[PDB]
Amino acid sequence: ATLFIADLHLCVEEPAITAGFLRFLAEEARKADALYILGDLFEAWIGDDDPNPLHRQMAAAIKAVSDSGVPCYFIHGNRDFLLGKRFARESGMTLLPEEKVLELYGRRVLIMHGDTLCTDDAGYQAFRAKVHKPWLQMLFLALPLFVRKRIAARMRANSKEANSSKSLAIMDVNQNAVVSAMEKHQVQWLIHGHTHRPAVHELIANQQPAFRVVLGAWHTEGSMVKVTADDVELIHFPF
Ligand SMILES: CCCCCCCCCCC[C@@H](O)CC(=O)N[C@H]1[C@@H](OP(=O)(O)O)O[C@H](CO)[C@@H](O)[C@@H]1OC(=O)C[C@H](O)CCCCCCCCCCC
Ligand SMILES: [Mn+2]
Ligand SMILES: [Mn+2]
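A short tour of the structure in this document, coming up. (Residues numbered from 1 in each chain as written, not as in the entry; some residues may be left out. Chains lettered and ligands numbered in written order. Heavy atoms only, no water.)

**Quick notes on the nonpolar core**
Going by this rule: Residues belong to one nonpolar core when they are buried, are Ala, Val, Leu, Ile, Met, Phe, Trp, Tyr or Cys, and are joined through side-chain atoms within 4.5 Å. Any residue under 20% of the maximum accessible area for its type is buried, any over 50% is exposed, and the rest in between are partly exposed; the area is computed with a 1.4 Å probe on protein chains only. For the purposes of this entry, the term helix denotes a DSSP run of H or I that reaches at least four residues, the term strand denotes a run of E that reaches at least two, and both are numbered from the N terminus. Contact between two residues is taken to exist if any of their heavy atoms lie within 4.5 Å; hydrogens are not considered.
Counting residues in each nonpolar core, the largest one holds 36 residues, and the members touching the most others are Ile5, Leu10, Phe21, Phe24, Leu25, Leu35 and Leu41. If you list the elements that add at least two residues to this core, you get β1 (2–5), α1 (15–27), β2 (34–37), α2 (53–67) and β3 (72–74). Considering every element that reaches this core, the biggest residue donor is α2, with six residues. Once you skip the residues sitting within four places of it in the chain, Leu35 turns out to touch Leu3, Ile5, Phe24, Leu25, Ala29, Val70, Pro71, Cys72 and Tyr73. Among the nonpolar cores identified, the runner-up in size contains 19 residues, and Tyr36, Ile75, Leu215 and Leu234 belong to it.

**Focus on the site of ligand 1**
As a reminder, the rule being used: Note on terminology: near, applied to a residue and a molecule or strand, indicates that one of the residue's heavy atoms is within 4 Å of it. Under this definition, polar contacts are N or O atom pairs within 3.5 Å; protein pairs additionally need one hydrogen-donor-capable and one acceptor-capable atom, and for neighbouring residues in sequence, both atoms have to be side-chain atoms. Only the protein chains shown count as covering a residue, and every accessible area follows the Shrake-Rupley method with a 1.4 Å probe. Note that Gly is not counted as nonpolar here; it falls among the polar residues with everything else outside the nonpolar set of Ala, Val, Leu, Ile, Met, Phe, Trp, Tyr, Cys and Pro and the charged set of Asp, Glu, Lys and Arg.
Looking at ligand 1, there are 20 residues lining it, with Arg79, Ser159, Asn163, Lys166 and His194 nearest. Within the side chain of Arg156, an N or O atom sits 2.8 Å from an oxygen atom of ligand 1. Between an oxygen atom of ligand 1 and a side-chain N or O atom of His194, the distance comes to 2.8 Å. Computed on the free molecule, ligand 1 has an accessible area of 1100 Å², of which 80% lies beneath the protein chains in the complex. Considering every element that reaches the shell around ligand 1, the biggest residue donor is helix α6 (residues 145–163), with seven residues. Taken together, the residues that form the shell around ligand 1 break down as 10 nonpolar, six polar and four charged.

**Considerations on the sheet that holds strand β6 (residues 107–111)**
The condition that has to hold: We treat two strands as partners when DSSP finds at least two bridges between them. Fitted lines through C-alpha atoms serve as axes, helices being fitted only where they are in contact, and the angles separating the N-to-C directions of these axes extend from 0 to 180 degrees.
If you trace the five strands from one edge of the open sheet to the other, you get β5-β6-β7-β9-β8, paired in mixed fashion. Lying at the two open borders of the sheet, with one neighbouring strand each, are β5 (100–104) and β8 (199–205). Strand-to-strand twist across the sheet, computed as the mean angle between neighbouring axes with direction ignored, equals 25°. Across seven bridges, the pairing between β8 and strand β9 (residues 208–214) is antiparallel. By the bridge assignment, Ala199 is partnered in β9 with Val214.

**Brief notes about the environment of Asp80**
Considering the arrangement of structural elements, one finds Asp80 in the loop between β3 and α3 (85–91). A sequence separation of 76 residues divides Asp80 from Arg156, and the C-alpha atoms of the two residues are 12 Å apart. Excluding residues that lie within four positions of it along the chain, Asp80 makes contacts with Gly39, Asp40, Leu41, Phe42, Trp45 and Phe74. Within the structure, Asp80 has its side chain in polar contact with the backbone nitrogen of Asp40 (distance 3.0 Å).

**Some points on the packing of aromatic side chains**
We apply this condition: Each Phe, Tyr or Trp ring, with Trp reduced to its six-membered ring, pairs with another whose centre is within 6.5 Å; inter-plane angles below 30 degrees give stacked pairs, above 60 give edge-to-face pairs, and intermediate values give tilted ones.
Within this structure, the stated rule accounts for 11 aromatic pairs. Look at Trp189 and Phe211: their rings are 4.3 Å apart centre to centre, the planes differ by 15°, and that puts the pair in the stacked class. Placement of the pair is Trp189 in strand β7 (residues 189–192) and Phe211 in strand β9, with a sequence separation of 22 residues. A residue is classified by how much of its surface remains accessible, and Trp189, at 17% relative accessible area, is buried. When the ring of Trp218 is compared with that of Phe239, the centres are 6.0 Å apart and the planes differ by 35°; the resulting orientation is tilted. Of this pair, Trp218 sits in the loop between β9 and β10 (221–227) while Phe239 sits in the segment after β11 (232–238); the two residues are 21 residues apart in sequence, bridging distant segments of the chain. By relative accessible area, which is 36% here, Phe239 ends up partly exposed. Put simply, the rings of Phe21, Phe24, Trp218, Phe237 and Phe239 pair up and form one aromatic cluster.

Structural data, given as C-alpha cells:
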C-alpha cells in the first residue's frame with residue numbers, strides 16, 4: 001500500500017502529534033511501499049538552518065523510513081514552502097512539484113497540498129504568489145533567525161485574524177478549479193489537504209465518476225489515505 005498524510009503542523013508544544021507521527025512512521029510507513037506527505041508537515045518553516053531540535057528528530061525519523069527502503073516524498077504546504085534541499089537531504093525526502101500524478105496499482109491519482117485550488121480567495125492567492133518568488137525567499141533567508149521567527153509569528157497571527165473574517169466558501173476549494181485540475185491530468189482521483197475538512201467527495205471529471213479525497217489535520221488523532229490495488233481508503237486513527 002501507498003500512504004498519504006498532510007497537515008500535521010508539527011511543533012514542540014503539540015507533543016501528542018509528534019508522538020503520533022513517530023508511531024505512524026514506525027508502525028505504518030515502515031510497511032508501506034511509499035509515503036507521500038502533502039504539505040504542512042510543520043506548523044511553520046523559516047529556513048533549513050533553523051536549529052529547532054524537533055527538526056533534527058523528525059528528519060532522522062523520516063530518514064530511517066526511506067533508509068529502510070520506503071521512499072518518502074514531500075509536496076510543500078502554505079506553512080512550509082521554504083522547506084529546502086538541505087532539509088530534504090537530512091530527512092531523506094524527495095521534493096515534488098505542486099501537482100504530481102502517480103500511477104498506483106494501475107490507478108492514476110493526482111496529489112497536491114490543495115491551497116492552489118482555493119482560487120476564490122484572491123487575498124491568499126496574492127500572498128502566495130509573492131512568497132513563492134525565489135528572489136524574495138532568498139532575501140528573507142538572509143535575515144537573522146530571530147527576525148525570521150518574529151515575521152513568521154506575525155504572519156501566523158494576522159492569518160488567524162484574516163481567516164476569522166473570511167467566508168467558508170473562499171477558504172474551501174473552488175469546484176471549477178478541482179475539475180480543471182482533474183481534467184488537465186485526466187484523472188478520476190485527487191488527494192489533497194490544506195482545508196482540514198476530511199472527506200471523500202464524489203464528483204464528475206472527464207465525464208466520468210471521480211473522487212476528491214481530503215486528508216484531515218492532525219490534532220487529537222491522525223488521518224491517512226491508504227491506496228491499494230482494490231481501494232482508496234481515508235482512515236482516521238488514534239494516537
Ligand atoms: C518571502 C518569504 C516569506 C517566508 C515566510 C515564512 C513563514 C510562513 C509562516 C506561515 C504563514 C501562513 O500561515 C499564512 C497563510 O498561508 N495563511 C493562509 C492559510 O491560513 P493558515 O492560518 O496558515 O491556516 O490558509 C487560509 C485558507 O486558505 C488562508 O486564508 C490564509 O491566508 C491568509 O490569511 C492570507 C491573507 O489574505 C493575507 C496575508 C497577511 C499576512 C500578514 C503579513 C505580515 C508580514 C509582515 C512582515 C513585514
Ligand atoms: Mn494545514
Ligand atoms: Mn495548508
